[PDB]
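Notes for the one structure printed next.
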Amino acid sequence: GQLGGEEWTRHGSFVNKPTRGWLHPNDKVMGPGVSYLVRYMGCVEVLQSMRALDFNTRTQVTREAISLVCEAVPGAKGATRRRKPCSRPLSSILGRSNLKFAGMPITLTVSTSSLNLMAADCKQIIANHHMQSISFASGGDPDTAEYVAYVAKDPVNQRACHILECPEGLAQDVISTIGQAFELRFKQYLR
Amino acid sequence: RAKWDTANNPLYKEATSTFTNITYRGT
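If you're matching them up, the sequences are chains A and B in order.
For the authors' numbering, add 16 to where a residue sits in the first sequence, where the first one is 1.
For the authors' numbering, add 735 to where a residue sits in the second sequence, where the first one is 1.
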C-alpha cells in the first residue's frame with residue numbers, strides 16, 4: 017500500500033516585530049531576509065562535523081571542495097583543470113567530492129533562524145531555512161575569496177559543502193551578516 | 736606525527752577561512 021509520503025510545500029516565513037528601526041541588512045535578516053547573488057558550483061558530501069574534524073582538516077576538506085570544483089567544473093573564472101581522477105577526495109576524511117551540481121544561479125538568503133538559497137534559475141528554494149542545521153562557511157577575504165562556500169545539513173547527504181561562484185563580495189558580506197545577525201542572540205558561554 | 740596537513744596536492748590542500756558561529760560546534 018501507499019500510506020503517506022512527502023508533501024512538497026516549503027513555506028514558513030518568520031514574522032515578529034519588536035521594532036523595525038534596523039539598518040539595511042539587519043532589517044531584512046530580522047524580517048524577510050537579505051539576498052546575495054551566488055552560483056551553485058559543485059557539492060562535496062562531508063560525513064563529518066567541526067566537532068569531529070581537526071583544525072586544519074576541517075579547513076582542508078572545505079577548501080578541497082572549493083578547490084577541485086573550481087579547478088575542474090564549469091563556472092570558475094580561474095581554473096587550470098587539475099582533478100585527481102580515481103583517488104580519494106583529500107584523505108577520505110569526509111564523504112566524497114560530487115561535482116554534479118555546477119552551473120546553477122542562486123541567491124544567498126540570510127534569516128534570523130534560516131539560511132536558505134533561492135534558485136535564481138526559477139526552480140525553487142534550496143538549502144535549509146534553519147540556522148541550527150548548518151556547519152561551515154568558507155569566505156571573508158582569503159585566498160579563496162573569489163569562490164565562496166557553505167557547509168550545512170544537506171537535503172540529500174548528511175552534510176554537504178556547497179560552493180558559490182560569482183560572489184561579488186558575498187564572501188565577507190554573508191559571513192559578517194549571518195554571523196552578526198545570529199550574534200544578536202550570541203551568548204559568550206560558547207564558541 | 737606533525738606535518739601540517741593530512742595530505743596535499745593540486746586537488747586538495749587547506750587554504751581559506753571556513754567557519755560560522757555556535758550552531759554545530761563551538762570552535
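Note that beta-carbon positions come from the ideal geometry of N, C-alpha and C, so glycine has one too.
Give me the Cα-Cα distance between residue i and residue j, rounded to the nearest whole angstrom.
| i | j | result |
| --- | --- | --- |
| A168 of chain A | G185 of chain A | 21 Å |
| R760 of chain B | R67 of chain A | 5 Å |
| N114 of chain A | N144 of chain A | 19 Å |
| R99 of chain A | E749 of chain B | 16 Å |
| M134 of chain A | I141 of chain A | 4 Å |
| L200 of chain A | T123 of chain A | 23 Å |
| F71 of chain A | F754 of chain B | 11 Å |
| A742 of chain B | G111 of chain A | 16 Å |
| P101 of chain A | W739 of chain B | 24 Å |
Taking 9 Å as the CB-CB cut-off, is residue i touching chain B?
| i | result |
| --- | --- |
| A136 of chain A | no |
| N32 of chain A | no |
| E23 of chain A | no |
| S65 of chain A | yes |
| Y52 of chain A | no |
Flag residue i as yes if its beta-carbon sits less than 9 Å from any beta-carbon of chain A, otherwise no.
| i | result |
| --- | --- |
| residue 685 of chain B | This structure does not reach residue 685 of chain B, given that chain B is present from 736 up to 762, and the question cannot be answered. |
For residue i, which residues in chain B fall below 7 Å Cβ to Cβ?
| i | result |
| --- | --- |
| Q148 of chain A | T758 |
| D189 of chain A | Residues of chain B passing the Cβ test: none, with the nearest at roughly 14 Å. |
My understanding is that residue i touches residue j, with C-beta atoms under 8 Å, so please give their C-beta distance in whole angstroms.
| i | j | result |
| --- | --- | --- |
| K116 of chain A | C59 of chain A | 7 Å |
| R97 of chain A | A88 of chain A | 6 Å |
| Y747 of chain B | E80 of chain A | 4 Å |
| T125 of chain A | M46 of chain A | That pair is no contact at about 13 Å. |
| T762 of chain B | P158 of chain A | With a Cβ gap of about 17 Å, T762 of chain B and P158 of chain A do not count as contacting. |
Who are the Cβ neighbours of residue i in its own chain at under 7 Å, not counting the five residues just before and after it?
| i | result |
| --- | --- |
| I82 of chain A | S154, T160, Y163, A165 and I179 |
What does a CB cutoff of less than 8 Å around residue i pick up in its chain, not counting 5 residues either side in sequence?
| i | result |
| --- | --- |
| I150 of chain A | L131, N144, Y166, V167, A168 and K169 |
| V77 of chain A | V60, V62, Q64, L69, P105, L106, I109, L110 and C177 |
Below 9 Å on C-beta distance, what does residue i contact in chain B?
| i | result |
| --- | --- |
| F152 of chain A | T753, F754, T755 and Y759 |
Report all residues from its chain with a CB closer than 6 Å to the CB of residue i; omit the five preceding and five following residues, and keep chain order.
| i | result |
| --- | --- |
| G49 of chain A | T125, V126 and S127 |
| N173 of chain A | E61 |
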